[PDB]
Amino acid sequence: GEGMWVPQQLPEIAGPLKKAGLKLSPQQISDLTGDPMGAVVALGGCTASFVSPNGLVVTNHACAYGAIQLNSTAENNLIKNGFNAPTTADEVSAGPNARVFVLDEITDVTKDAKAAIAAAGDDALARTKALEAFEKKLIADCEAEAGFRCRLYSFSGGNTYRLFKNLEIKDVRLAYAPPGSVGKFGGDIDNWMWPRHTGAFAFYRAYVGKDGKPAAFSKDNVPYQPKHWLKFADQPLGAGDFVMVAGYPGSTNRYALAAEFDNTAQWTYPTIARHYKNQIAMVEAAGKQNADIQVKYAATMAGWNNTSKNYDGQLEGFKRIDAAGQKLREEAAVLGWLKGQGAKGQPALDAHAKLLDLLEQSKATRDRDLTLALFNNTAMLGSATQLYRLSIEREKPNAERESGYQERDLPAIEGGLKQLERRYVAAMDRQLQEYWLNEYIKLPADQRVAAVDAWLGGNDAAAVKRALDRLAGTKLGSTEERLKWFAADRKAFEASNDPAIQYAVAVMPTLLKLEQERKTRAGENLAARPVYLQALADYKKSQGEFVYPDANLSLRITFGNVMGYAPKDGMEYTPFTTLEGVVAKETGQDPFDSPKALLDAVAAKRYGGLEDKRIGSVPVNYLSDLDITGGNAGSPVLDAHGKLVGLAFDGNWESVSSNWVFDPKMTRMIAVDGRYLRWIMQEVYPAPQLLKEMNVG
């Protein structure tokens, strides 16, 4: 059922967990560094879990897609072919920025955080800055022990703050990926849909130094030896059975003003989906004629397709449930309720009117803001802005440097510049620069940027042409030139004739003032959000509704049972798909082009000891009424005994709007069955070594 419960809410959900079928004690689940919770890891944007005592980690294909792609070329395409390392020595680096985060400790720091906030007094910019300083100090302290990364999380509009401390494994290697026609069977046609038939899994191995401490990649590192790892279920998972997930959902917006919904629905999602679709169309066409462009842009293309389709889905789900109506109506209900308490509900009512005005202010510049941000995110402009800004920050003492430009951020910065080599082709990036310059000149007069207008010198195709021809002069297209500037000083940037660097230096003052404007807005939000959100939780409680904080990239537990759903009168989706359903979709064309070994195994009923008698085949994917979102891909699905029965990987089409208005009848997790992972690894793309390592071969 509903709820992305924080682990501090386990007393509230102990009974419901029991009633739904959990056979472990809640005490055992509460042990976040214990068995099995302690085996669950964060990848940073996806979840994973340890599945052997030798540091073997399982996640989804889409979570490992970047790593797979980084290691792929046009002539050796691992996305297409899969990967299998017969021995740990054959494992390839998942990339310098790949991470495994193993939870160490959580601490409530709520009192101190809002003390530090209050001390800045009635000044918005100063309030943001006071929180920044407070967070940096806490993290510096927490990170004093080598090998740990810490993060401060704000829950429930800033009513609660927690600091998480994680072991940061920095040498992650790819151990296995099934062929793309299994890991991503159905491609973008089946994405966000049920029936689903996708082997959405892949494996990494976590490595540390010989002293057991974290370290960046070296052939001298060795597999990490985790305290806790998951075991595969020995009982067959069936319809109605208890399941739970623990993982790292990124964001939800279920506590939102109605106007924040309306903006998102009428502007944000249609605008971003359009832009994403145009870029997809350009890269698709270029890649049809250029296998290098096609491999190099594959991960970027997967993200554009995934988010644009998700937004189309949320738009359609809003209409299906009248989300716009429900938000309006429940807000009316809430505002009603506050004034009915007279003296008591004046603070909350004030907060609402403040939040509303903050929203109108961001709204005044949203076109400018988005377009500028996306233009500056093309590869050469992004590298130059980031590298120039770093050179500016490096002049300050480290504690005053902007988050993301501090010493602790250097590894990821340098890692990104390297990974870009496998994700950049000048001819293609030029087309994207062209796109965004065209979208920029389209902007109205108010909404323009001084500095970009001057740099461009004209509002027509001629200026665009000249701008493009100029930037093509940059030397930042090579990894080595990027790394040179990663070490260079500010003076050296401002001296450069490199036209990307010149662009960066030209716009940075504007970027810094826009960042001040954003930090000032966020400071006034910091006053007002926690009050109004606290009222919203209060109202919900008074209606007996479930109360848990929106997702924020921290660890959450969701539980329920395996079950289908009914999209329309006269029909039901069954809880499982089966092998036979994979082959029925076969076309011999991408994305429905399973390996021959799979087609042959299914025709011959080679079920590998994995058949579930209740469905007459090996299960492939299944539905359950868990409450997951972006970030949860890769999360292990545990049964009543805490055993691995699957991995979370997607949501059915009608679920996606639950990011804003939760709908229990149409909200289901799509999971890949543990037995299907095993099956692929026995019969289709074999990895007998990993099965043995997991005690299942």
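Quick note: we count residues from 1 along the sequence shown, nothing fancier.
Between 58-66 and 38-46, the higher mean Cα B-factor belongs to 38-46. Between 620-628 and 225-233, it is 225-233 that carries the larger average Cα temperature factor according to the deposited entry. Among 126, 243, 175, 553, the highest C-alpha B-factor recorded in the PDB entry belongs to 126. The entry lists C-alpha B-factors for 72, 386, 289, 300, and the highest of these is at 289. In this PDB entry, the Cα temperature factor of residue 640 sits in the middle third of its chain's modelled residues. For residue 674, the recorded CA B-factor ranks within the lowest third of the chain. Only modelled residues enter the ranking. Sort the modelled residues of the chain by CA B factor and residue 691 lands in the highest third.
Residue 52 sits in the middle third of its chain by CA B factor, as recorded in the PDB entry. When all modelled residues of the chain are sorted by CA temperature factor, residue 194 is found within the lowest third.
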